[PDB]
Amino acid sequence: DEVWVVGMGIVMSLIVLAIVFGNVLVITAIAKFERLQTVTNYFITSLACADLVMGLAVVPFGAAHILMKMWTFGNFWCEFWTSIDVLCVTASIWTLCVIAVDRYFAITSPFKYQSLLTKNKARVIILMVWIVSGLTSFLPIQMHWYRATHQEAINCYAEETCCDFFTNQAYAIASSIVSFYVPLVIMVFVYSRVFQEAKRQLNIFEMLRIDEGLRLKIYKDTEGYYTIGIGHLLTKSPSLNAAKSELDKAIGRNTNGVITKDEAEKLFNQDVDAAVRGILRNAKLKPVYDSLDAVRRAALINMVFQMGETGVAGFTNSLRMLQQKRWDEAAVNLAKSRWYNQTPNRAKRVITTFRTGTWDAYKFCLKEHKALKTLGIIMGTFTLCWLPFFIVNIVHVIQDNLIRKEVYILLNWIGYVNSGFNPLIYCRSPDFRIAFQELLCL
Ligand SMILES: CC(C)CCC[C@@H](C)[C@H]1CC[C@H]2[C@@H]3CC=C4C[C@@H](O)CC[C@]4(C)[C@H]3CC[C@]12C
Ligand SMILES: CC(C)(C)NC[C@H](O)COc1nsnc1N1CCOCC1
């Protein structure tokens, strides 16, 4: 139908436009802004490149093959088009597997969020991917090791107006296992460990950085008292110079109301140490700290950090039920407090920690932890976009008459739309957000 062709033509054009402009913007943002020239962003550059090659050389000719129902580019370009197509996908899934593995080695290292690979080393890994995956994508098609022995296929090979991808059962299993499933199985298992390590390796220092936050300039909290760094109270006095005086003495230099990351961490390491020391000095809190597990020990430290040894001691009724290990019971009395009303968002997180005995409340609450979530969304979406096509592709190998030709192309296109999703997912990263709007002048 006429309306169907024009209708599909517009949909496919807006898909192609979204692929190219999206990835160009991403590549441009990493190339221009220094703050985005990281090891993990260099892998994203390789991912965005493969996604750009898709919408520039693959997807455009794919559309013409559907709207005209015939190949009008020759048998040399037909095989080259298919070779690039496979490479784009193979390079993308291996890139995602590398990102996953590099994230495991970073989280297991004492660096926790910084990569063990250098900028020169990362370039080698990317170049090795494109070379290795380039060989497994071009050699099995150019040497015609992919060609089937049935008449319908040999007729399509000889025909210059036929580019229907016909294959033998061997290649269909071999190429799909090496190219897609092997990096996918590894990626899923390795990045599930990355998520498991992130949640498990959560500590009080990260927990307070989540709750209190970070600001290197003097600000007023909910209570209204002068604060700086990670919830470090300066004075209860409503005077800026009084707040500045107590600050310059603590650091030991002319700060002028501004501190560094090195300085903010230094006072934070002191406050945390003072909180625990205050618990050990307090007779009411001392036996409660003993009975609690590592996770709930941090939750008591968190309250002592915000209110103070004396303030936390006032919850006599609640503390008694923490010792009794009746978490759900203690939580109700903790909720029935002025502290709960003062900071409900922070109170919920701390109360839930006591209830669960896990960091489940502080799940992806950290900025470094949000970065991992975004990368997990990229890998997970690639799976949802490509796995249906790959399952049906291997189902076709076992039984020939299982699915129609229209089902194969439709599922292949589900994977094609994926090359337009990745730039929109980078909107989660505030570093990319600022880069994008700067290049778009908004
Ligand atoms: C279609 C085929 C033949 C062309 C393949 C394109 C090749 C040349 C491209 C695609 C991805 C590219 C890489 C993307 C990532 C980076 C990070 C950047 O900081 C330095 C260059 C480097 C390492 C690129 C080198 C060239 C590269 C490997
Ligand atoms: C069939 C067509 C139109 C050339 N698209 C190819 C697909 O987009 C993906 O191709 C692949 N990339 S990695 N492994 C594969 N496959 C899928 C098709 O069968 C051979 C192995």
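Residues numbered from 1 in each chain as written, not as in the entry; some residues may be left out. Chains lettered and ligands numbered in written order. Heavy atoms only, no water. Residues with missing side-chain atoms left out of burial classes, pairs and counts.

This entry, as listed in the PDB, derives from X-ray crystallography and reports a resolution of 3.2000 Å.

Going by what the PDB entry lists, the chain is known as Fusion protein of Beta-2 adrenergic receptor and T4 lysozyme and is assigned to Homo sapiens. This entry appears in the Protein Data Bank under the title "XFEL beta2 AR structure by ligand exchange from Alprenolol to Timolol". Taken verbatim from the UniProt record of the chain, the Function comment is "Beta-adrenergic receptors mediate the catecholamine-induced activation of adenylate cyclase through the action of G proteins. The beta-2-adrenergic receptor binds epinephrine with an approximately 30-fold greater affinity than it does norepinephrine." (UniProt positions renumbered as here; feature names shortened; annotations may be inferred.)

## Points about the overall build of the chain
The secondary structure content of the chain amounts to 20 helices and 3 strands. Its C-alpha radius of gyration of 29 Å places the chain more than 25% over the 22 Å reference for a compact globule of 442 residues. With the C-alpha coordinates of the chain rotated into their principal frame, the extents come out at 90 × 50 × 45 Å. Taking the contacts inside the chain whose residues are at least 6 apart along the sequence as the reference set, 68% of them involve residues at least 24 apart. (Helix = DSSP H or I, 4+ residues; strand = E, 2+ residues; numbered from the N terminus. Rg over C-alpha atoms; globule rule 2.2 N^0.38 Å. Contact = heavy atoms within 4.5 Å.)

## Description of the state of the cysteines
Across all of its chains, the model carries 2 disulfides by this definition. Covalently, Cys156 is tied to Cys162 through a disulfide, its sulfur atoms 2.0 Å apart. Residues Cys156 and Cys162 are joined by a disulfide whose S-S torsion is about -90°; by sign, that bridge is left-handed. According to the relative accessible area criterion, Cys156 is buried, its value standing at 4%. For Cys162, a relative accessible area of 17% puts it in the buried group. The connectivity of the disulfide-linked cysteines in the chain, indexed sequentially, is 1-4, 2-3. (Disulfide = S-S within 2.5 Å. Buried < 20%, exposed > 50% of the residue type's maximum accessible area, 1.4 Å probe, protein only.)

## Re the domain arrangement of the chain
Segmenting the chain into domains produces domain 1 (2–201 + 366–440) and domain 2 (204–362). A separation of 46 Å is found between the C-alpha centroids of domain 1 and domain 2. If you look at the interface, domain 1 gives 7 residues, while domain 2 gives 4 residues. Here the side of domain 1 that touches domain 2 is built from residues that sort into 2 nonpolar, 2 polar and 3 charged. (Domains from an automatic or database assignment. Nonpolar A, V, L, I, M, F, W, Y, C, P; charged D, E, K, R; others polar.)

## Quick notes on a nonpolar patch on the surface
A cluster of nonpolar side chains, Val124, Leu127, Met128, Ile131, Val132, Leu135, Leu139, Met143 and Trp145, forms an exposed patch at the surface whose accessible area comes to about 910 Å². Along the chain, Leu135 turns up in helix α4 (residues 119–142). (Patch = residues over 30% accessible without salt bridge, like charges linked within 9 Å, V, L, I, M, F, W, Y side chains within 5 Å. Areas by Shrake-Rupley, 256 points an atom, 1.4 Å probe, with all protein chains shown as cover. Salt bridge = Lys/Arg side-chain N within 4 Å of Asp/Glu carboxyl O.)

## Structural notes on unusual backbone geometry
Positive phi, close to 50°, is recorded for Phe364, a residue that is not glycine. Mapped onto the elements, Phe364 comes out in the loop between α16 (344–356) and α17 (367–398). In this model, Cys441 sits at a positive phi of 55°, which is unusual for a non-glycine residue. Position of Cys441 relative to the elements: it lies in the segment after α20 (430–440).

## Observations concerning the sheet that holds strand β1 (residues 215–220)
Taken in spatial order, the 3 strands line up as β1-β2-β3 in an open sheet, and their pairing is antiparallel. Both outer strands of the open sheet, β1 and β3 (232–235), are each paired with one neighbouring strand and no more. Recorded for the sheet is a direction-independent mean angle of 30° between the axes of neighbouring strands. Taken together, the 3 bridges between strand β2 (residues 226–229) and β3 define a ladder with antiparallel strand orientation. Within the sheet, the bridge partner assigned to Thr227 lies in β3 and is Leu233. (Pairing = 2+ DSSP bridges. Axes fitted to C-alpha atoms, helices over the stretch in contact; angles between N-to-C directions.)

## A word on the pattern of salt bridges
Pairing is possible between side chains of opposite charge, provided their charged atoms come close. This structure, assessed with the given rule, holds 10 salt bridges. Here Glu206 ties to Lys112 by a salt bridge, and the two come within 2.8 Å at their closest N and O atoms. With a gap of 94 residues between them, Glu206 in helix α7 (residues 204–211) and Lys112 in the loop between α3 (75–108) and α4 connect regions that are remote in the sequence. Residues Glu206 and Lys112 agree in their burial class; the two are buried. The shortest N-O distance in the salt bridge between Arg349 and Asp211 comes to 2.8 Å.

## With respect to the UniProt feature "disulfide bond" in the chain
Here the UniProt disulfide linking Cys78 with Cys163 is intact, its two sulfur atoms sitting 2.0 Å from each other. One end of the pair, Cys78, is in helix α3; the other, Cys163, is in the loop between α5 (151–158) and α6 (169–200), with 85 residues separating them in the sequence. Here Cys78 matches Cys163 in class, with each residue buried. Agreement with UniProt is obtained for the disulfide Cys156 to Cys162: its S-S length of 2.0 Å falls short of 2.5 Å. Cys162 carries the same exposure label as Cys156, and that label is buried.

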